[PDB]
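Undergrad:
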Amino acid sequence: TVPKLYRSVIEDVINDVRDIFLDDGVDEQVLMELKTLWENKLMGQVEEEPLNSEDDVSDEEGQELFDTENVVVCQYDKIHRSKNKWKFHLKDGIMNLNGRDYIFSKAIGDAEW
Amino acid sequence: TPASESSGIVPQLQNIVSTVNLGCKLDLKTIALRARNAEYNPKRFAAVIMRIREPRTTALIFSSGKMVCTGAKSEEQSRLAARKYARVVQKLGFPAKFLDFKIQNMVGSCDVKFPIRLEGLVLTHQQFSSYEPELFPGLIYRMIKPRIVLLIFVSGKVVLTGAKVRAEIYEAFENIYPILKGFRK
Amino acid sequence: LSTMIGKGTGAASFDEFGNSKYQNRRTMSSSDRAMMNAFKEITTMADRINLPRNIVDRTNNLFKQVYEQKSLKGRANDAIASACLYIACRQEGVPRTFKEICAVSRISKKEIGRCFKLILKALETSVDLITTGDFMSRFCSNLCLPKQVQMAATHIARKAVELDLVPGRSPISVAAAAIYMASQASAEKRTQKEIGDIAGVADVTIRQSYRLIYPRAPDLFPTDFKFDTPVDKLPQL
Amino acid sequence: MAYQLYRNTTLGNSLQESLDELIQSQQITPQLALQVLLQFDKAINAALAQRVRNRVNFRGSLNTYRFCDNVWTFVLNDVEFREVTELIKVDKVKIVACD
Amino acid sequence: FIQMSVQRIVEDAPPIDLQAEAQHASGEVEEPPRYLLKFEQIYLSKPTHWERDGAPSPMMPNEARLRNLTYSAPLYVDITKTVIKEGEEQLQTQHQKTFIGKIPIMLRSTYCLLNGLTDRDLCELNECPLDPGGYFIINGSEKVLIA
Amino acid sequence: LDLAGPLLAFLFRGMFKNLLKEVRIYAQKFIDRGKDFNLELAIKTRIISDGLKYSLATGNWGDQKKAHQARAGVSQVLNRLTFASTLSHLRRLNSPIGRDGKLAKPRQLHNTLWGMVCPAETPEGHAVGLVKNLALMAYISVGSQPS
Amino acid sequence: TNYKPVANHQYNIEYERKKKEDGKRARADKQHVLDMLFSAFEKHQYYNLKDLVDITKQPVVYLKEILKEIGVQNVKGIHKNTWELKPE
Amino acid sequence: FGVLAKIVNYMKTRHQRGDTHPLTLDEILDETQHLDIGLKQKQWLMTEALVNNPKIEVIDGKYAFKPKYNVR
Amino acid sequence: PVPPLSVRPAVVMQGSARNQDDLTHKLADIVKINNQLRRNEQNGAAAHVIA
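Residue numbers (the working numbering), protein chains in the order written: chain W, 82 to 194; chain Y, -5 to 179; chain A, 336 to 572; chain U, 183 to 281; chain S, 453 to 599; chain R, 5 to 151; chain G, 124 to 211; chain B, 16 to 87; chain C, 440 to 490.
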């Protein structure tokens, strides 16, 4: 059902940029090669600075730069919070979860930190 | 008053309000970009919002270099959180400085464990008390001594705010408690 | 300041070439013209709920006092007029709800309430505390309820406060719940939505308040009341 | 204007790389590739708007967050995506949201 | 005058429309909000009085004279709002039943409650049976209009 | 003869049209500030309520600021000295006239008043023959559409 | 009548409109704002202050300090003012 | 025109700085960050803004001193 | 010349001072504009506006 959606996307994109290819005078073979390659790819001190008396209150830089975990790109409708309790109302939505790709139009949501 | 020391139920501190100046200008955007567990909406408000779970607190820092810290259970813990944030700013590489830290407000609360008649309290202290049960369900008492505001409820619950020193809360509460006991149900 | 002038002899009264006979009239008191404009708003508001001139006269008086002190000049002038109207109404011993004065105005309930407190601080003055009796009359009246039923509701309300059955409730909501109990104990039986509609409170608030007073309903009615449906047959909702 | 963000995706990245091959072979121009990426944005937004109608529900531990330039950036830990007919758990996920 | 004249006048020719002055200095997007107002059937209650409490009650022409009231009745009118915006919305219509002012009733006319009661009832209301009516009561004073 | 209906009708039209303008000004002020509309607040009830109250009480007529030169004295307190003064007062009619010195023919008893206005029954004073009284059987049309 | 709004129903809607990111302006992005001024001035020699306020979504007093910096002002009739970057 | 005003403003600041040393158009484009203004506008500059300019100072084969001419 | 108060005893009629002899009220209008035209000469005197 969803690979079909990507196929839908392939048809829409190829169709709509075809005219761009023609406008440049680029060959339709290049368009097909693009599609085929793309498909193949698809699968004092204490009054100044007692500040050093709190050294190491730090955490892992591990969780952002590496991106070892999975990623989700979407949109938000409204975000809401109550102390350490957070609520999310999200919309639109492409997910990538341990090997597979998923999709949503709306997603609602609660998390604590 | 020894005679009534079961007044001495020592009201619990729940919130502390302090401010501090970091002593340098900063760029909130870069800060919001760089910092973790932080939020910044310049289209809604100016200050950047940061939040730690340590002594469970939150701070709001401006661009002038001034910031406000809240959420502390105590003033020491508040100086700790204030120092923790300034440390984080130090860790950003910015010229962070612990300058002009000061408490602005203290909040306390407690329960007296008995029901009371607000109708009497508002009658006898008409010059200071203000009660609007149609609007707010509590009763607002404005003392002129330790210039404190009190919130009184039929359950017997009390909240006090406007405080600069914990002693002032105890003093406000030791003073008013006998009156409240004098209006018990 | 000065008198006025105005057009009419047919003319000569130059405009010599243009189309403006003689001259235009002139404004006089501009610093205060929005005080006069406040007096205009207070009367409009006042008539839209059929208030007496005596209220309007107290309201106008309060306002001038608040204006002269200039202690709250920053606030919305219309909010100040509306709050004055509320105070005048309570001082004359026939209070209107914050919900009612908000209705005839464009100012929010929160802002009228806020201004109310500030004016009280500005004039260093206080008012009486509202009772159930001050509103039981108007409500029962607008619902075309019999005089006898109004009387019973009053008694129901008064006793309810006396038995301290509602320590965690507003007197208006309790008033509404007494009206419902009375009405359902008579042939009239006004619906919760209708009572809601006159009182302005949420009909869930009445239902809760009713559920709280229902266990003592027998003791609350006047012994001289002519019952239609007995309490042993009083509905639950 | 449709957000550039979906170009970050594997789908989006495979496209950018496919275009880059075409540029390596000098069969197209960088501006034209950009114009294809812009059209791909519109078309995939349209595909989202017209075809995509499903929804999902989730609960989890929040690890870090950010908000700047009207862009929300999260990283959640011990997440659980719940659907009416499936369920998907993962140890950690980043959520970027624009509007 | 009530049964005909006032209705004809509110129907006659007063539709008002207003079109906001928007999309200034910058535009190109269907939006200058427009409103129209229409007035329908007129309603007229029986002569009423509002006590300071806020409670309305029927007014008795004798009472009106002693307490120095104005014996008049409230006039209500049907008002409509009709939002035919410049495109998207066109069927936004809402009905209202609204108080506009107080019309002085003339005594014992078809709209003044005394017309319906019988001779014994009228004597019960402390009103003279032979009294002719056909004069307004204003601020306590009985006032007659000269042809 | 203009009677209570057409005399009231002139005023009700003017105040109600005037009321329409005050509601026009309010809707524009709503649109200017950034929108906050309440159709029930725009009606200035006092224009009608008080306007009819005022004209009918003083006896003046209309705009007061200017219009009051000829159509003055049209409402009056109903004389009540006997039963006859009242019946005679309600059944009075007034011709308007110059004032203070006019001598002509609108003062003598035209033949066409036969069966219409009283032969002899007119003020013994300065306004002899100008304020007349309606005969015993005479009647007046209310009028209706010719359609 | 007066079926109690306690928070006027239109007023609620206007607040709701406000309840979508309002009351904060760029000022702050100066140079990018200058870009808008330069772009606008390319369309016409003079503009009303009100058109610039709509166009650049910033505080008026700050924009005035900019118009003092790179331009002049030219008024006509009843306080009708237009500003211009002195074309030459 | 706007772009030209930025040239005027830059030049104004440079005069204010104390110097009136002439520079090439290309350098001015660069320093004003308007290098990519295109051939057309540049051409307009060359055949109006720089030559139809009523108070432009040409010296050392380059264009200088725009803000002022009345007093030296 | 300003006529003496005996010519304009107002009339009080209850209240207090509610009684400025409408002629006084006109005299107040004359003084007000003459003060303004005086201040106009003191200040930025125009031309047509003085006329």
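For every residue, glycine included, the Cβ atom is placed at its ideal position computed from N, Cα and C.
So which residues on chain W does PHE92 (chain Y) lean against when the C-beta distance must stay under 9 Å?
TA: As a first step, residue 92 (chain Y) must be located in the second sequence, where it is residue number 98. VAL127, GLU128, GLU129, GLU130, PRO131, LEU132, listed in chain order.
Undergrad: Name, please, each residue of chain W whose Cβ falls closer than 7 Å to the Cβ of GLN84 (chain Y).
TA: Counting from 1 along the second sequence, the entry for residue 84 (chain Y) is found at position 90. Per Cβ cutoff of 7 Å: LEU132.
Undergrad: So with CB distances below 7 Å, who are the chain R contacts of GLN133 (chain G)?
TA: One-based indexing of the seventh sequence puts residue 133 (chain G) at position 10. The answer, in chain order, is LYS39, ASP40, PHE41, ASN42.
Undergrad: Using only alpha-carbon positions, find the residue among A:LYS405, A:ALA488, A:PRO387, A:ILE436 that is nearest to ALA414 (chain A).
TA: As a working note, residue 414 (chain A) is residue 79 in the third sequence. Comparing Cα-Cα distances from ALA414 (chain A) to each of A:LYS405, A:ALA488, A:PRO387, A:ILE436, the minimum goes to A:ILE436.
Undergrad: Please list, in chain order, all residues of the same chain as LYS494 (chain A) whose beta carbon is under 6 Å from its beta carbon, the five residues on each side excluded.
TA: For the purposes of this step, residue 494 (chain A) is taken as residue 159 along the third sequence, with counting starting at 1. For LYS494 (chain A), where only same-chain residues beyond five positions count, the Cβ hits under 6 Å are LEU555.
Undergrad: Using Cβ-Cβ distances below 8 Å, what residues of the segment 535 to 566 of chain S are close to chain R?
TA: Residues passing the 8 Å Cβ filter: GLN548, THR550, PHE551, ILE552, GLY553, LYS554, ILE555, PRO556, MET558.
Undergrad: Within the chosen definition, does the segment 234 to 245 of chain U reach the segment 254 to 265 of chain U through at least 3 CB pairs nearer than 8 Å?
TA: Yes, the segment 234 to 245 of chain U touches the segment 254 to 265 of chain U.
Undergrad: I'd like to know if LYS96 (chain Y) contacts chain W, where contact means its C-beta is closer than 8 Å to some C-beta of that chain.
TA: On the second sequence, residue 96 (chain Y) is found 102 positions in, with the first residue counted as 1. It does not: the Cβ of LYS96 (chain Y) has no partner Cβ on chain W nearer than 8 Å.
Undergrad: So with CB distances below 7 Å, who are the chain G contacts of residue 205 (chain Y)?
TA: Given a span of -5 to 179 for chain Y in the structure shown, any question on residue 205 (chain Y) remains unanswerable.
Undergrad: Checking contacts by CB at 8 Å: is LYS127 (chain G) closer than that to chain A?
TA: Mapped onto the seventh sequence, residue 127 (chain G) falls at position 4. By this cut-off, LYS127 (chain G) is an interface position.
Undergrad: So the candidates are Y:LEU145, Y:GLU168, Y:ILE25, Y:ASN169; which of them puts its Cα closest to the Cα of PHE249 (chain U)?
TA: In the fourth sequence, the residue the question calls residue 249 (chain U) occupies position 67. Here the closest residue by C-alpha is Y:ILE25.
Undergrad: Taking buried to mean at least 16 other C-beta atoms within 10 Å of its own C-beta, is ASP173 (chain W) buried or exposed?
TA: Sequence index remark: in the first sequence, residue 173 (chain W) carries index 92 (1-based). Label assigned to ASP173 (chain W): buried.
Undergrad: Determine which residues of the segment 483 to 503 of chain A have a Cβ less than 8 Å from any Cβ of chain Y, and write them out in chain order.
TA: Answer in chain order: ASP499, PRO502, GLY503.
Undergrad: Considering just the uninterrupted stretch of the alpha helix (DSSP H) at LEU133 (chain Y), what are its terminal residues?
TA: As a position in the second sequence, residue 133 (chain Y) is number 139, starting the count at 1. Premise fails: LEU133 (chain Y) lies in the beta strand (DSSP E), 133 to 136, not in any alpha helix (DSSP H).
Undergrad: Just checking, does the segment 125 to 140 of chain Y make contact with the segment 158 to 175 of chain Y on the three C-beta pairs under 8 Å criterion?
TA: The segment 125 to 140 of chain Y vs the segment 158 to 175 of chain Y: in contact.
Undergrad: Which chain Y residues sit within Cβ distance under 9 Å of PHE249 (chain U)?
TA: On the fourth sequence, residue 249 (chain U) is found 67 positions in, with the first residue counted as 1. Correct list: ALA26, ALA32, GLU33, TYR34, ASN35, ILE43.
Undergrad: Identify every residue that forms a DSSP beta bridge with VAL535 (chain S).
TA: Working through the fifth sequence from its first residue, we reach residue 535 (chain S) at position 83. Paired residues: S:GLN544.
Undergrad: Note down the Cα distance separating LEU50 (chain B) from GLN58 (chain B), rounded to an integer number of angstroms.
TA: Sequence index remark: in the eighth sequence, residue 50 (chain B) carries index 35 (1-based). Sequence index remark: in the eighth sequence, residue 58 (chain B) carries index 43 (1-based). Between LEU50 (chain B) and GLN58 (chain B), the C-alpha separation is close to 13 Å.
Undergrad: Nearest by alpha-carbon distance to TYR134 (chain G): which of R:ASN64, R:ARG37, R:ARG103 is it?
TA: Against the seventh sequence, residue 134 (chain G) aligns to sequence position 11. Residue R:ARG37 is the option with its Cα nearest to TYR134 (chain G).
Undergrad: Looking at C-beta atoms only, is the number of pairs between the segment 167 to 181 of chain W and the segment 71 to 82 of chain Y that lie closer than 8 Å three or more?
TA: Counting Cβ pairs under 8 Å, fewer than three are found: no touch.
Undergrad: Would you mind giving the Cβ-Cβ distance between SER443 (chain A) and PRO127 (chain Y), rounded to the nearest angstrom? I have them listed as a contact below 8 Å.
TA: Here residue 443 (chain A) corresponds to residue number 108 of the third sequence, with the count starting at 1. Here residue 127 (chain Y) corresponds to residue number 133 of the second sequence, with the count starting at 1. With a Cβ gap of about 20 Å, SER443 (chain A) and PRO127 (chain Y) do not count as contacting.
Undergrad: Along the segment 90 to 109 of chain W, what residues have a CB closer than 9 Å to any CB found in chain U?
TA: Residues passing the 9 Å Cβ filter: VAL90, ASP93, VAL94, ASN96, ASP97, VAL98, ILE101, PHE102, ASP104, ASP105, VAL107, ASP108.
Undergrad: Taking only the alpha-carbon atoms, compute the straight-line gap between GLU541 (chain S) and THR550 (chain S) and give it to the nearest angstrom.
TA: Working through the fifth sequence from its first residue, we reach residue 541 (chain S) at position 89. Working through the fifth sequence from its first residue, we reach residue 550 (chain S) at position 98. Going by the C-alpha atoms only, they are around 25 Å apart.
Undergrad: Along chain Y, in chain order, which residues have C-beta atoms closer than 9 Å to that of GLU150 (chain W)?
TA: Here residue 150 (chain W) corresponds to residue number 69 of the first sequence, with the count starting at 1. Going along chain Y, no residue has its Cβ under 9 Å from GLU150 (chain W), so there is no contact; the nearest lies around 15 Å.
Undergrad: Would you mind reading off the limits of the alpha helix (DSSP H) that contains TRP59 (chain B)?
TA: If you number the eighth sequence from 1, residue 59 (chain B) lands on position 44. That run of the alpha helix (DSSP H) goes 54 to 59.
Undergrad: Do we get a CB-CB distance below 8 Å when we pair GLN198 (chain U) with the residues of chain W?
TA: As a position in the fourth sequence, residue 198 (chain U) is number 16, starting the count at 1. Not an interface residue.
Undergrad: Could you tell me the boundaries of the beta strand (DSSP E) in which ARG264 (chain U) lies?
TA: Counted from its first residue, the fourth sequence places residue 264 (chain U) at position 82. Here the beta strand (DSSP E) through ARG264 (chain U) covers 253 to 264.
Undergrad: Below 8 Å, how does it come out for the segment 145 to 165 of chain Y and the segment 370 to 383 of chain A: are there three or more Cβ pairs, yes or no?
TA: No, the segment 145 to 165 of chain Y is not in contact with the segment 370 to 383 of chain A.
Undergrad: Per DSSP, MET61 (chain Y) forms a beta bridge with which residues?
TA: Start at 1 with the first residue of the second sequence, and residue 61 (chain Y) comes out as number 67. Y:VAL14, Y:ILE55.
Undergrad: Would you mind reading off the limits of the beta strand (DSSP E) that contains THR466 (chain A)?
TA: Here residue 466 (chain A) refers to the residue found at position 131 when the third sequence is read from its first residue. Here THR466 (chain A) belongs to no beta strand (DSSP E), and DSSP marks it neither H nor E.
Undergrad: Beta-carbon separation of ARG542 (chain A) and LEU572 (chain A) under 8 Å?
TA: Walking along the third sequence from the start, residue 542 (chain A) turns up at place 207. Walking along the third sequence from the start, residue 572 (chain A) turns up at place 237. Yes, these two residues count as a Cβ contact at 8 Å.
Undergrad: Would you list, in chain order, the members of the segment 485 to 508 of chain S that have their beta-carbon closer than 8 Å to a beta-carbon of chain A?
TA: Correct list: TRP502, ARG504, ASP505, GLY506, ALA507, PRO508.
Undergrad: Contact between the segment 108 to 123 of chain W and the segment 188 to 199 of chain U is defined here as three or more beta-carbon pairs at a separation below 8 Å; is this criterion met?
TA: Yes: the two stretches touch, three or more of their Cβ pairs being nearer than 8 Å.
Undergrad: Of all the options R:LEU94, R:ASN42, R:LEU117, R:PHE87, which has the alpha carbon lying nearest to the alpha carbon of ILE531 (chain S)?
TA: Walking along the fifth sequence from the start, residue 531 (chain S) turns up at place 79. Among R:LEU94, R:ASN42, R:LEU117, R:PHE87, the Cα nearest to that of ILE531 (chain S) is on R:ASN42.
Undergrad: Between the Cα of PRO210 (chain G) and those of G:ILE193, G:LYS141, G:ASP177, G:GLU137, spot the shortest distance and give me the residue it belongs to.
TA: One-based indexing of the seventh sequence puts residue 210 (chain G) at position 87. Taking only the C-alpha atoms, the option nearest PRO210 (chain G) is G:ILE193.
Undergrad: Can you find a C-beta in chain W that's less than 8 Å from the C-beta of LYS67 (chain Y)?
TA: Counted from its first residue, the second sequence places residue 67 (chain Y) at position 73. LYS67 (chain Y) does not count as touching chain W.
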